[PDB]
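These notes are about the structure you will find just below.
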Amino acid sequence: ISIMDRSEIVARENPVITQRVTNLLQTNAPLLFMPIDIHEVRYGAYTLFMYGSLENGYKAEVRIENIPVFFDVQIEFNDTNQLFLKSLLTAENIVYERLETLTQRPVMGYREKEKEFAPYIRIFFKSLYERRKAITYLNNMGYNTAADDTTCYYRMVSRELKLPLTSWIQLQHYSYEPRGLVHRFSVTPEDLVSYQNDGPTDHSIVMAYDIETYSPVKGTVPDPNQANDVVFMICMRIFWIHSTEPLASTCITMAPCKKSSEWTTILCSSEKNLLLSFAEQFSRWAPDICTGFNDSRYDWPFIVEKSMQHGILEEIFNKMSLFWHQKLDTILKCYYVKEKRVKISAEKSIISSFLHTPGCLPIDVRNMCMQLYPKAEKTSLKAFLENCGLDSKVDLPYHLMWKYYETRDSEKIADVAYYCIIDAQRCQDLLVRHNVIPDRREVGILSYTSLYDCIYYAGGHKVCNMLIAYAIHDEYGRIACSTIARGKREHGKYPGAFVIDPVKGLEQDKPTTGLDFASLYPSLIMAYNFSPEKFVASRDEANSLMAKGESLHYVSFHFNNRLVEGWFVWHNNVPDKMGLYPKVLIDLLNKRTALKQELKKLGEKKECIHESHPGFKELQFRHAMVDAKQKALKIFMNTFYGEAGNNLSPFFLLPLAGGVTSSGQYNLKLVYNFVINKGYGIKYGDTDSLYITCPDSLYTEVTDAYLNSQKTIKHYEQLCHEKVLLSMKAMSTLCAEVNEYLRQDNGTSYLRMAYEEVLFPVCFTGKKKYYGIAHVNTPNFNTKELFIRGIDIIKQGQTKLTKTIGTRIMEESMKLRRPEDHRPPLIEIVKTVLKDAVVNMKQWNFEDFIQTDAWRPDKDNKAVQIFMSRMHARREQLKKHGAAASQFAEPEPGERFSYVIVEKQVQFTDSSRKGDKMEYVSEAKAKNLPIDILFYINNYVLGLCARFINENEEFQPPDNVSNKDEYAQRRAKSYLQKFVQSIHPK
DNA sequence: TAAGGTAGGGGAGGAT
DNA sequence: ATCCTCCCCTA
Ligand SMILES: Nc1ccn([C@H]2C[C@H](O)[C@@H](COP(=O)(O)OP(=O)(O)OP(=O)(O)O)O2)c(=O)n1
Ligand SMILES: [Mg+2]
Ligand SMILES: [Mg+2]
């Protein structure tokens, strides 16, 4: 049996480049290296430990020594300042290396052309702990501190040395030592160069592993805390960082397993032996990344707890950590990351617990997939595989494989091992198909962060790191930035974007085109030079700047019932005067513009090929991928705006965020006024998008054609066709004119309007609630899909009943109808559909009523809290009875669960609370609990339909009512309710 | 220990 | 029944 470790595997797979790499090693020649995992020694002399793959694929550890550990604080230039700081630090028993003095540009507040530079002193340390304690003491005492990354220092090293931690790096004049399977390199920052050009094929190793565990009690998830519960199988596979074919495969199991040519089978007699074999195989492979699906919630905690039970955590960790010898208490304290919070989206966070062995980066494929699909209803492996078009995994059922382990059948154990290997292969397929690792590497290169940051952290700190990286470069004059928020913070919301009260109702005659600002907030930042180093706060300083001829953008808004005013120095289209925020946003916008033009060409090449072509599907997928990429960039740039409005951010500037919002409102209103003055009608507005209709005169002559024909259905379809064409061309001309007007107004070309589609039949039901038929290049009314924004059918956790009713409403409203023919209003269509739904009740089955809700214990969502309080009481009652209550078990905090509303019999007590009516789908199907359909109707679809019908005059309030929309919505709700009781036989 | 922003619709439950 | 707060999710 040839148990090939990393070295022989690399030599076999890539022999020529392996020989070249070996020759370079003997000749001590510079060589390329891809880092993945970053580790730091915070105590004692600071050393940066990178782990990764050489050019051929050899595992390599790079130890960067003599890195300057430092942080700077701004104080006046005088010789006694150094001695005073010496005394201050020595009084706090803080050991430091040396003192330096320099000049840097503060990031906050505009300064004159000869006063950008302010004095700074740089404090050096041998250890990260001393630097951390000194930063804390100095900031508590009150000095302004910059370059003070405290939570971690590798980000500061990466941004300071211009050295991305996720890109190829060239090693020069290194100190080489081969030990075991690890080629250790001792280098210095001066001897270690970034390799940015034409990066070769990456040869990092990613192993996907899955575990199968056993519990004697049936129907329960095996608890690692339970002694009798055992992990009995581990299947693992190594792949290239870019390829889905397995370099090698290994299965470790309890029961005997028949030999399979697809993987190496390792047999163990005890759980301690199985864990030891897992550690041994991990050490022999020495992967650059260790990944699994839901491993940060199930696999890693199970393995760690079992190893603690067997008392072998120190041994297996030391074996997995290359040569990093750490004691058990240190392993539990630091390396076993427990209950780490990972932000998936807004108000959405998940838990992750894993053993971060040095030399390997842990990846949870579920975390990455949820980050890519933050609005995914189902977060299972099968759902994620289906979403991206990957092949369906042959599911291993529950009782089958627990029975198979019980029977000690060799071939059944082999089949379970095959399915576990398939699970690992699906993990790698998800990693590669979405290009997760290269995308995270690109993000790390852009933001000068490690891959670990790109995996387990959100983008706000990435925005801060990218800003500081762009700030510390001499071309910009060495802007000095802090990384931790300072100053008193307020609770509230500054004024945001402006939403135009929509002209509610269906439009079937005047085509409506959405014109959107391209990167509205970033474009405003570029145009008005919104940047903290270009910000003036005091009115007298602004007046003095006017006296010197400088153009300032003045903004004012009401925050916390007080007036916040500010002035921003305009760049005058001069690259020298361009701000830091505008510069970073120019770079990001150039990147996104390249991505957008590539996406546009790929969309125009995909539109000319019919979908049945074999090469279309994946190509279509590629299109989405590109879209996702630019979407990410968009979000990233928007984060900059948000990072100026977050009071917890180091770059927090309430005047800047308020100014961005006020400038967006002003520009939207300016374009609104200009478009209205040019005779075009406007239906709706949202932040930056304006929905504009051509004047009827522009459609006169073509209408005359339809007026001069016999007016068949195809005649009106054609008439709509050239109406949409005329729309497109008229909006193109109007967009050019509006862009020229904006250029004349603000003096820059950053603020540009853009046409994206035409919604000729379009219904606006309320603020952020509209839909229509989208025409991008040519009219196509035969598209079943509809451009939808804000309608309840797309809401997360919505019933299939609500989605079906809303889809019926919108598809009936979007139907093309000649003006001579009958044109039913939304009232009649909605009433007809609702009457069909209520009267023909049999059309709704059980699957149409499942809702989905997220269990957040810290959130007092009263309905679900009561529902699961009842479930906890029922579980207590069943355990008292001695029966199993796993079917009623509490879902783990954070995940979403499915439930239905049932008819709770009236026992004239029985509150009509939704909390007492929620039930899990499992027992509702099991016990055939009736579904309270009328509850569903009156509480979800009735309110949905009220939004559609709220535009009628009868529901309109008298002019004295301030909130016309809410009053109309409530009146429509009441009217539709009364209609329901009138039509429903009770 | 990390975690961009505000505007807004609408369900659930309780005060009242 | 009105109104209010909390919550979820979307814009
Ligand atoms: N997650 C988001 C999404 C949007 N916006 C704000 C910023 C945008 O500038 C403004 C405009 O909405 P868009 O969705 O159109 O975003 P952009 O205009 O910036 O880019 P693009 O026009 O390419 O969509 O909405 C935001 O702050 N945060
Ligand atoms: Mg499995
Ligand atoms: Mg826009």
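As a basis for the values below, the full set of heavy atoms in this structure was taken, side chains included, without hydrogen atoms, waters or symmetry mates. Here is the naming used below: chain letters follow the sequence lines, and residue numbers restart at 1 for every chain.
Side-chain N/O atoms of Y940(A) include one lying less than 4.0 angstrom from OP1 or OP2 on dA12(B). At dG4(B), none of the side-chain N or O atoms of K462(A) fall inside 4.0 Å of OP1 or OP2 (strictly under the cut-off). In this structure, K768(A) does not reach the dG8(B) phosphate: none of its side-chain N or O atoms is under 4.0 Å from OP1 or OP2. Distances shorter than 4.0 Å separate some side-chain N or O of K375(A) from OP1 or OP2 on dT10(C). In this model, the phosphate group of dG11(B) is not approached by any side-chain N or O of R970(A) to a distance below 4.0 Å at OP1 or OP2. Side-chain nitrogen and oxygen atoms of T661(A) include none within less than 4.0 Å of the OP1 or OP2 phosphate oxygen of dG5(B). Proximity of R947(A) to the phosphate of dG10(B): a side-chain N or O atom is located under 4.0 Å from OP1 or OP2. Residue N939(A) has a polar side-chain atom (N or O) positioned under 4.0 Å from OP1 or OP2 of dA12(B). Contact annotation: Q969(A) side-chain N/O to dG10(B) OP1/OP2 distance is under 4.0 Å. For the OP1/OP2 pair of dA1(C) and a distance below 4.0 Å, the side-chain nitrogens and oxygens of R971(A) include no atom meeting the criterion.
If you check every strand for non-hydrogen atoms under 4.0 Å, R341(A) touches a base. Counting non-hydrogen atoms under 4.0 angstrom, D965(A) reaches the backbone sugars and phosphates but no base. Residue contacts for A458(A): at a heavy-atom cut-off of 4.0 Å it reaches the sugar-phosphate backbone alone, with no base atom in range. Looking at heavy-atom distances under 4.0 Å, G915(A) makes contact with sugar-phosphate atoms alone, never a base. Counting any heavy atom pair closer than 4.0 Å across all strands shown, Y684(A) reaches no nucleic acid atom. Within 4.0 Å (heavy atoms only), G685(A) reaches no atom of the nucleic acid at all. Note on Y641(A): a base of the nucleic acid sits closer than 4.0 angstrom, heavy atoms only. Residue contacts shown for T151(A) are limited to sugar-phosphate atoms, with no base heavy atom under 4.0 Å away. Within the nucleic acid shown, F636(A) has no heavy atom closer than 4.0 Å to any nucleic acid atom. The residue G645(A) sits close only to the backbone: its heavy atoms come under 4.0 Å of sugar-phosphate atoms, none of a base. Using a 4.0 Å heavy-atom distance criterion, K973(A) is classed as a sugar-phosphate-only contact.
For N465(A) (side chain) and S447(A) (main-chain N/O), a donor-acceptor pair under 3.5 Å exists by modelled atom type. Side-chain atoms of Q798(A) never come within 3.5 Å of backbone atoms of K795(A) as a donor-acceptor pair (strictly under, hydrogens ignored). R947(A) places a side-chain N or O within 3.5 Å of a backbone atom of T765(A) that can act as its donor or acceptor partner.
Taking atom CE of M918(A) as the reference point, atom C1' of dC8(C) lies 13 Å away to the nearest angstrom. Going from atom OH of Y457(A) over to atom P of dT1(B) covers 4 Å, rounded to whole Å. Following rounding to the nearest Å, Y899(A) (OH) and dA12(B) (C1') show an atom-to-atom distance of 10 Å. If you measure from atom CZ of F559(A) to atom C1' of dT6(B), you get 11 Å, rounded to the nearest angstrom. The interatomic distance linking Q371(A) (CD) with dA3(B) (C1') rounds to 13 Å, in whole Å. Between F651(A) atom CZ and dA3(B) atom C1' there is a gap of 17 Å when expressed in whole angstrom units. Taking atom CZ on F498(A) and atom P on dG5(B), their separation rounds to 24 Å, with Å as the unit. Going from atom NE2 of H461(A) over to atom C1' of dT1(B) covers 11 Å, rounded to whole Å.
Annotation: cation-pi geometry not satisfied between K462(A) and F636(A) (NZ/CZ under 6.0 angstrom from ring centroid, within 45° of ring axis). Figure legend: cation-pi geometry between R970(A) and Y967(A), with NZ or CZ positioned under 6.0 Å from the six-membered ring centre and within 45° of its axis.
Ring pair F354(A)/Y456(A): centre-to-centre distance below 6.0 Å.
Heavy-atom nearest nucleotides on DNA chain B were determined for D916(A) and for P495(A), and the one closer to the 5' end corresponds to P495(A). Each of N963(A) and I866(A) lies near DNA chain B, and the nucleotide nearest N963(A) is the one positioned closer to the 5' end.
Here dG13(B) is the nucleotide among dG10(B), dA3(B), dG13(B) with the atom lying nearest to any side-chain atom of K862(A).
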- Stepwise, does the side chain to side chain contact (heavy atoms under 4.5 Å, CB included) test hold for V864(A) with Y899(A)? CA-CA 10 Å; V864(A) 65; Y899(A) 68 95; over 6 Å; no

